[PDB]
Amino acid sequence: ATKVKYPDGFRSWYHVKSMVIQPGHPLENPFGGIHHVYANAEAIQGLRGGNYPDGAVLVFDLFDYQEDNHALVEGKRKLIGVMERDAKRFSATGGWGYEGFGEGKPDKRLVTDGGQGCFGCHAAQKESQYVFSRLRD
Amino acid sequence: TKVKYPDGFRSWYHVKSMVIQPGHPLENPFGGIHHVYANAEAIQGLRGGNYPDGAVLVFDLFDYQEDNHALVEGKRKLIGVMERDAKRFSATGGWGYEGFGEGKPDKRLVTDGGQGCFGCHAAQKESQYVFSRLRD
Ligand code: HEC
Ligand code: HEC
Ligand SMILES: [Zn+2]
Ligand SMILES: [Zn+2]
């Protein structure tokens, strides 16, 4: 394709982890909100300490939140980030293709530079195949 | 008579999450970052059917650490469990309530047959005693 596929049905995949990024954290833009990480079956193989098969997809699902009496509550989806494994097609950015969908909508693709900008930051995790998230129990 | 420990619950569908911080009314026992998981049968009730027997919902509660204005997940504090069985759990509206300390099967937390859990969940009689709603 050259392009990353919209990950249909990502919401029924394995929930890896969540984190909250609030105002004042260095990454308030653009990663401010509650985010959840999801992984398909092939991605779990790579997360477990296996290698990542082609077809492995990880999803960053980012929500705005609202403060409600000492509770942070999920608001609207801001975007999904998608990493799709293909050693051959996405060799230019380390075997992963990078894409963002605005509000998680399939038409609102965000990345304009082949994912160089995305890769630039993930290149730090060379040791773990460009993935920050770690599996927890 | 007892709620079964929900083996494999971490591979279930993630319904939603929420953060309860110090000061919230529910701070104990429920303070922390929590995620709600549902088995296949519980998804039927969530998308608007009746909840069939065998439906299980799970409240998975982690501590968090605040680090330069990020909330990072720490250790699992407990899980809350609702298990649907109209016959066995008639006394608590057809749901069995149980708490597992640290998410370990040995550490049962409920000592009043679920009455305490049931008293608050009863506000949501209209939606079969469930607070969580499905979101996209
Ligand atoms: C640093 C300045 C980043 C840039 C630019 C991008 N991402 Fe990244 N990403 C970053 C972090 C710190 C994390 C981990 C968050 C956590 O909760 O641990 C992530 C995570 C992802 C993931 C999930 C898988 C993983 O590597 O943990 C995906 C799918 C992802 N990011 C995609 C992505 C895309 C598409 C980006 C450009 C549009 C992008 N990221 C930029 C840090 C940084
Ligand atoms: C009053 C306040 C209570 C009490 C005493 C208990 N819970 Fe229940 N609970 C409450 C709320 C407001 C929520 C919703 C959280 C959210 O929207 O993110 C929940 C949720 C659960 C869930 C998830 C399913 C659901 O949304 O109904 C479970 C499985 C659950 N709670 C279990 C549970 C158990 C076992 C309790 C006694 C040990 C218990 N709860 C008490 C509010 C309240
Ligand atoms: Zn207050
Ligand atoms: Zn803070």
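Chain naming here is simple, since letters A, B, ... match the order of the sequence lines and numbering starts at 1 in each. Remember, it's 1-based here, ligands and their atoms both numbered in the order they're listed.
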Exercise. Closer than 4.0 angstrom: is that true for some heavy atom of B:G99 and an atom of ligand 2?
Worked result: no
For this session: Name the closest protein heavy atom to atom 22 (C) of ligand 1, giving the residue it belongs to and the distance to 0.1 Å.
Result: A:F60 CB, 3.8 Å
Problem set entry | Under 3.5 Å: N/O of B:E98 near N/O of ligand 2 | no
Exercise. Which is the closest N/O/S atom of B:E66 when seen from the Zn ion (ligand 4)?
Worked result: OE2
Exercise. Counting only heavy atoms not in A:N51, do more than 12 sit closer than 6.0 Å to its CG atom?
Worked result: no
For this session: Give the numbers and elements of all ligand 2 atoms closer than 4.0 Å to a heavy atom of B:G116.
Result: 5 (C)
Exercise. Can you tell me if A:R11 uses its side chain to pair, donor with acceptor, with the backbone of B:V15 under 3.5 Å?
Worked result: yes
Problem set entry | For A:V82, atoms of ligand 1 separated by under 4.0 Å from a heavy atom | 35 (C)
Problem set entry | Option with minimal heavy-atom separation from atom 42 (C) of ligand 1, where the choices are A:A123, A:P30, A:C121 | A:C121
Exercise. Can you find a non-hydrogen atom of B:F30 under 4.0 Å from ligand 2?
Worked result: yes
For this session: Report the relative orientation of the aromatic rings in A:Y98 and A:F119; use parallel for angles under 30°, tilted for 30 to 60°, perpendicular for over 60°.
Result: tilted
Exercise. Does the distance from a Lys or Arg side-chain N to an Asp or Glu carboxylate O, for A:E74 and B:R135, drop under 4.0 Å?
Worked result: yes
Exercise. Do NZ/NE/NH1/NH2 and the carboxylate oxygens of B:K107 and B:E102 come within less than 4.0 Å?
Worked result: yes
For this session: Please confirm whether A:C118 comes within less than 3.5 Å of ligand 1 when only nitrogen or oxygen atoms on both sides are compared.
Result: no
For this session: Heavy-atom contacts with A:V131 under 4.0 Å: which atoms of ligand 1 show up? List them by number with element.
Result: 25 (C), 26 (O), 27 (O)
For this session: Within a distance under 4.0 Å of any heavy atom of B:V110, pick out the atoms of ligand 2 and give their elements.
Result: 38 (C)
Problem set entry | Centroid-centroid under 6.0 Å between B:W95 and B:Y51 rings | yes
Exercise. For residues A:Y14 and B:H14, is any side-chain donor paired with an opposing acceptor at under 3.5 Å?
Worked result: no
For this session: For residues B:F59 and B:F30, establish whether the separation of their ring centroids is below 6.0 Å.
Result: yes
Exercise. Among all protein non-hydrogen atoms, which one is nearest to atom 7 (N) of ligand 1, and what is the separation to 0.1 Å?
Worked result: A:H122 NE2, 3.1 Å
Exercise. Any donor-acceptor pair under 3.5 Å linking the side chain of B:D60 with the backbone of B:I79?
Worked result: no
Exercise. What do you reckon, does B:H34 put a non-hydrogen atom under 4.0 Å from ligand 2?
Worked result: yes
Exercise. Can you name the N, O or S atom of B:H69 that is closest to the Zn ion (ligand 4)?
Worked result: ND1
Seminar exercise, completed: of all protein heavy atoms, closest to atom 23 (C) of ligand 2 is B:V36 CG1, 4.0 Å
For this session: Return yes if some donor-acceptor pair links the side-chain N/O of A:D113 with the main-chain N/O of A:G117 below 3.5 Å, else return no.
Result: yes
Exercise. Is a side-chain N or O of B:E98 found less than 3.5 angstrom from the main chain of B:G80, in a donor-acceptor match?
Worked result: no
Problem set entry | atom 24 (C) of ligand 1 [closest protein heavy-atom partner, distance rounded to 0.1 Å] | A:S133 OG, 3.7 Å
For this session: Classify the contact between B:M82 and ligand 2 as side chain, backbone, both or neither, using a heavy-atom distance cut-off of under 4.0 Å.
Result: both
Problem set entry | N/O separation below 3.5 Å, A:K17 to ligand 1 | yes
Problem set entry | Distance-only donor-acceptor check, side chains B:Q128 and B:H121, under 3.5 Å | no
Problem set entry | Closest approach of any protein heavy atom to atom 11 (C) of ligand 2, naming residue and atom | B:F131 CD1, 3.5 Å
Problem set entry | Distance filter under 4.0 Å to B:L57 heavy atoms, resulting ligand 2 atoms | 29 (C)
